[PDB]
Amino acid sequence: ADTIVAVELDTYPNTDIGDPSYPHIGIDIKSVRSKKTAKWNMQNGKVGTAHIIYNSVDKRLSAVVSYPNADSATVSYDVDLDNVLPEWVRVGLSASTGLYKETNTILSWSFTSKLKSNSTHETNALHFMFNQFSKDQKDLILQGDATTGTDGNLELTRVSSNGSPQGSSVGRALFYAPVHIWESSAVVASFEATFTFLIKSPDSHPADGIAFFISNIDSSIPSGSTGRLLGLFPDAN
């Protein structure tokens, strides 16, 4: 299977696979069963912001999710991503729906990776910023149901023309270029990701969520990963 590290915005509690009994943000290392979670006071139909940060000095992956004029949710986990990920990865967003559904709409996405060396004292860097997605976005790999260019947005899961989200949907968008995420001859390796999202459930019973993830370059949507597995994992182990 793929190797996945992900930050989940999990809108539906699957208590049979370790979810707490409330919408939560979580850090996922090679399993949908989050190594750490925090309660998330998710706001139906309002624009949210997710910030993800990692640096190789602290070896700590953290995420903050916020809405205007509300308290943040934050979650952190100590992990050395050198022991978890391959040296080269792709970065992406994933979302899914099941019996229950929501818009998984991305309004903007930015990413920065840096390797600062000293032996050869100069830095390698990648930065991308999408504030507008177009109909034929050739620096994105769209998988499953993901589409671009509807009001300049990335729709990770299927939405009908009148704006109704579909059930049993899964879709992902990966940046085209592979990312050099760690190198054992750097003194500082770091990345940050920001996205703004609009999650709207008409039934106000939302599912299943959005994740930022980092994978092996050749990662694809695993068979049967709709619903609780967020288009990231083949099973619930």
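Residue positions are given as counts along the sequence shown, with the first one as 1.
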query: Average Cα temperature factor in the PDB entry - higher stretch of 169-177, 65-73; finding: 65-73
query: 34-42 set against 182-190, stretch whose average Cα temperature factor tops the other in the entry; finding: 182-190
query: From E122, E155, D139, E102, residue of greatest CA B-factor; finding: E122
query: From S110, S94, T150, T97, residue of greatest CA B-factor; finding: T150
query: CA B-factor ranking of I17, expressed as a third of its chain; finding: highest
query: Entry-reported Cα temperature factor of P206, expressed as the chain third it lands in; finding: middle
query: Ranked C-alpha temperature factor of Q143 among modelled chain residues, by third; finding: lowest
query: CA B-factor placement of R90, once the chain's modelled residues are sorted into thirds; finding: lowest
query: Position of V5 among the chain's modelled residues by C-alpha B-factor, lowest, middle or highest third; finding: lowest
